[PDB]
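Protein chains in written order, with the authors' numbering: chain a, 23 to 93, 107 to 161, 193 to 669, 710 to 819; chain P, 303 to 446.
Ideal Cβ placement from N, Cα and C applies to all residues, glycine included.
First the structure, in the form of structure tokens, and then the observations on it.
The following block contains the structure:
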């Protein structure tokens, strides 16, 4: 029930109105300016400024997330982020300098400690060169292997212990590198030794001639490293102390930047009017709700205090604004389903509300387990109760869809409760109702259940199918045939509902004669075609023929030709059926011919051709799918009951029975609550889509487009 | 820039205001070099202080008197009339120390570096950040 609206609003006041309408809003302006020119558009300079601000905000948010903080004004945030980054970089540089000083201190301490050993080695082995440096403990073999002839057997390197990884001059992470001092003889040999020591990368410092000077240098280097580390730690602590409040400010800045970007995008899409000096805005707003736009306009005018007042108007046009009926908590799932089934015009009928019960109604008819289904419903209700936390606790994958569809799932489970009550398989098992045994065998006390007399149901279960006649061993085939026959009638009813919805929508469409020419022949024809079989099923139920079971209808319809018809319950069913066949044959062109003829007189059907037969086949397929799903659910329940009975009977000890019961419970839960439930839901959904597509609304639309803030709303 | 004005007279006035701001900055540059803020006793964040080259030139103008104006600035950094004055002095000292090694030595001798570092842990988080920057500038020379 919406319509287009056009208005001219001064830019200053337009800012306040846009800010007010950001969260929910009514209208969404088209991007006329962007289409005219993406470059600089109308306010795309402001849009680019807001984009730069948002990029700075994103960088600050990334830094805070790395930091872990809780997450004009943009300039201040950028300055704070730059200050924190500079503090971190200074701390890293100070840590690297501390590592270098630790390397120098370790090398000098090793040289001082091994000075006596070096003197002893020089005395034993031996204008002598100095090869002071370091050799890594890990790379000791490589150092020994390389330049072996250079050592000449008179040069010994006193490697440091390097029990603790010596900090590298450039790497703060440190590495297991030792310090060794060798003797250098020969210029090329000394150069090669120096090059090898440099390539080694171990913690190396020049070794003074006096060991005391080397020790003093090591102490000074260690003190400098400690001072640098302390300064870096203090800087990092101050940076984090500021960064906590910075992160809180950025967390607020998330919503702030969201609103700013929304306003900028709205301005860029809109095209201002220079002549009126007021920005011109045309958007799709709820026409019924548009009456309240005066409140936002007045609030913007008063806050801006400008005497000039914008005027809001609605302009009639051929273009149809995409609109959506208001959806409550329960209605949201039906709206989502309708959206999955494309869209519909505002005047077009939306059976989403009806489907919100029909799909549960079909799924209950499709299948249902009383026990786990009740448990599943209880779990869904607990989830709905705890949705307050579920709102805070973000759901994952299918959990997110379940959060939205909680109401629909609860309705489906509620319907499935009555469905299982009809099926009488409480907790996937038949249970006696009212009487000690819901159904029993009258007479035939000595005769077996496989007898001519067999069983007589003197008392029949009033709340559900009689267990003797349905759940018993040999009662399965007739019960399944009856279930299939009932599913056929249910499909016929669904087709009738679709036809009724089509007629209603045509009445809404307000066609003088086109509705009668098109919908009335397309409807009713196949409806009565299936209704003949449905009435035959009802008449058979009245007469109660036995040998044909549910195949009496098949036997009757097996002869589309005239004559015969002995089994016909109605005395005139044969001639009446022939007349109905002739009427359907006559109506078949009437479904296709009158509407194009009327259109030509005024001045698709080819898709409509065979579409009736295809739809009837699809409805029969849906009924058969429901029957098969019910049979499969019954078979799974029987299998679970058999497993439970086998576990219980063959377990004199408690432990074996407990293990078997637990295994059977887990398997049955997995099969039914997950696998069977998902399969039934998917099949019911597909049948619903087929029925709705047959009914009406033919896609062809879009969703309501307000200027709502996605984060805010 | 933020609010676009329809009138071209607004653009002309904005250009004239920018020219006047440039002219005022030209006059303010002489005051920064001559240490007008130091002479008046009230210190504010000088645009010349924020620029390492301009800060070095101002120090050299002070260094013309053996950093006498720089010594007065360091003393004001140690004790200032207003909290904004102390933060501005600390930022100027950090910038000068980065630009000139002699500035860091003068600051350390005046011992205002320790007071600034203490103020970094203190209140005035903006002044705290400026003092942390000054301490980092000092520790860059201090670190081996």
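Option nearest residue i by Cα separation, candidates the options
i	options	result
residue 521(a)	140(a), 510(a), 135(a) and 66(a)	510(a)
residue 406(a)	82(a), 725(a), 465(a) and 796(a)	796(a)
residue 349(P)	411(P), 303(P), 327(P) and 306(P)	327(P)
residue 640(a)	627(a), 649(a) and 650(a)	627(a)
residue 133(a)	441(P), 339(P) and 342(P)	441(P)
residue 554(a)	267(a), 233(a) and 730(a)	730(a)
residue 817(a)	40(a), 33(a) and 46(a)	46(a)
residue 750(a)	775(a), 284(a), 410(a) and 651(a)	775(a)
residue 583(a)	564(a), 618(a) and 661(a)	661(a)
residue 392(P)	312(P), 368(P) and 434(P)	434(P)
residue 81(a)	480(a), 341(a) and 114(a)	114(a)
residue 228(a)	217(a), 206(a), 219(a) and 779(a)	206(a)
residue 668(a)	755(a), 578(a), 622(a) and 754(a)	578(a)
residue 773(a)	263(a), 235(a), 438(a) and 590(a)	438(a)
residue 332(a)	550(a), 607(a), 42(a) and 721(a)	42(a)
residue 490(a)	448(a), 74(a), 538(a) and 766(a)	538(a)
residue 596(a)	551(a), 575(a) and 433(a)	551(a)
residue 482(a)	224(a), 68(a) and 787(a)	787(a)
residue 25(a)	412(a), 122(a) and 197(a)	412(a)
residue 673(a)	348(a), 779(a) and 145(a)	Structure remark: chain a lacks residues between 669 and 710, so residue 673(a) is without coordinates.
residue 430(P)	305(a), 161(a), 263(a) and 89(a)	305(a)
residue 353(a)	370(a), 157(a), 387(a) and 339(a)	387(a)
residue 823(a)	136(a), 148(a), 219(a) and 198(a)	Absent from the structure is residue 823(a), since the part of chain a shown begins at 23 and ends at 819.
residue 35(a)	346(a), 112(a) and 155(a)	346(a)
residue 541(a)	529(a), 506(a) and 570(a)	506(a)
residue 371(a)	779(a), 732(a), 718(a) and 38(a)	38(a)
Proximal chain a residues relative to residue i, where beta-carbon distance stays under 8 angstroms
i	result
residue 410(P)	Correct list: empty, because the minimum Cβ distance to chain a is about 13 angstroms.
Cβ-Cβ separation, residue j to residue i (assumed contact under 8 angstroms), whole Å
i	j	result
residue 445(P)	residue 293(a)	7 angstroms
residue 382(P)	residue 388(P)	4 angstroms
residue 440(a)	residue 476(a)	With a Cβ gap of about 12 angstroms, residue 440(a) and residue 476(a) do not count as contacting.
residue 214(a)	residue 201(a)	At roughly 14 angstroms, the Cβ-Cβ gap does not stay under 8 angstroms, so residue 214(a) and residue 201(a) are not in contact.
residue 379(a)	residue 711(a)	With a Cβ gap of about 42 angstroms, residue 379(a) and residue 711(a) do not count as contacting.
residue 652(a)	residue 600(a)	Going by Cβ atoms, the distance from residue 652(a) to residue 600(a) rounds to 21 angstroms, so no, they are not a contact pair.
residue 48(a)	residue 356(a)	6 angstroms
Proximal residues of chain C, C-beta to C-beta of residue i below 8 angstroms
i	result
residue 437(P)	Here the protein chains are a and P, and chain C is not one of them.
Contacts that residue i makes with chain P (C-beta to C-beta distance below 7 angstroms)
i	result
residue 125(a)	438
residue 118(a)	431
Neighbour list for residue i in chain P, Cβ cutoff strictly below 9 angstroms
i	result
residue 290(a)	444, 445 and 446
residue 293(a)	441, 444, 445 and 446
residue 673(a)	It's not possible to place residue 673(a) here, given that chain a moves directly from 669 to 710.
residue 221(a)	Ordered by position in chain P, no residue passes the 9 angstroms Cβ test against residue 221(a), which lies about 31 angstroms from the chain.
Cross-chain neighbours of residue i in chain P, by beta carbon under 8 angstroms
i	result
residue 236(a)	Within 8 angstroms Cβ-Cβ: nothing; residue 236(a) doesn't reach chain P, min ~14 angstroms.
residue 287(a)	446
> Just by C-beta distance, which residues in the segment 303-335 of chain a are closer than 9 angstroms to chain P?
Replying inline: 303, 304, 305, 307, 308 and 311
>> Give me the subset of the segment 64-79 of chain a whose CB atoms are less than 9 angstroms from a CB atom of chain P, sorted by chain position.
In response: 65, 67, 68 and 71
> What are the start and end residues of each continuous alpha helix (DSSP H) run of 4 or more residues lying completely inside the segment 384-409 of chain P, in chain order?
Replying inline: 385-401
>> At 4 residues or longer, what runs of the alpha helix (DSSP H) sit wholly inside the segment 576-646 of chain a?
In response: 580-609 and 618-623
> For the segment 422-436 of chain P, which residues have a beta carbon sitting closer than 8 angstroms to at least one beta carbon of chain a?
Replying inline: 422, 423, 427, 430, 431, 434 and 435
> Taking a cut of 9 angstroms between CB atoms, which residues from the segment 367-386 of chain a lie near chain P?
Replying inline: none
>> If we require 3 or more residues per run, which beta strand (DSSP E) segments fall completely within the segment 194-240 of chain a?
In response: 195-197
> Any residues in the segment 126-147 of chain a with a beta carbon nearer than 9 angstroms to a beta carbon of chain P? Which ones, in chain order?
Replying inline: 126, 128, 129, 132, 133, 135, 136 and 139
> Fully enclosed by the segment 341-367 of chain P, which alpha helix (DSSP H) runs are 4 residues long or longer?
Replying inline: 349-352 and 354-365
> What residue ranges within the segment 379-441 of chain a form continuous alpha helix (DSSP H) runs of no fewer than 4 residues, ordered along the chain?
Replying inline: 397-406 and 418-432
> Going along the chain, which unbroken runs of the alpha helix (DSSP H) with 4 or more residues stay wholly within the segment 772-818 of chain a?
Replying inline: 783-801
> Residue ranges of each beta strand (DSSP E) run of no fewer than 3 residues wholly in the segment 304-347 of chain P, ordered along the chain?
Replying inline: none
> Can you list the alpha helix (DSSP H) stretches of 4 or more residues lying completely in the segment 515-557 of chain a, in chain order?
Replying inline: 533-536
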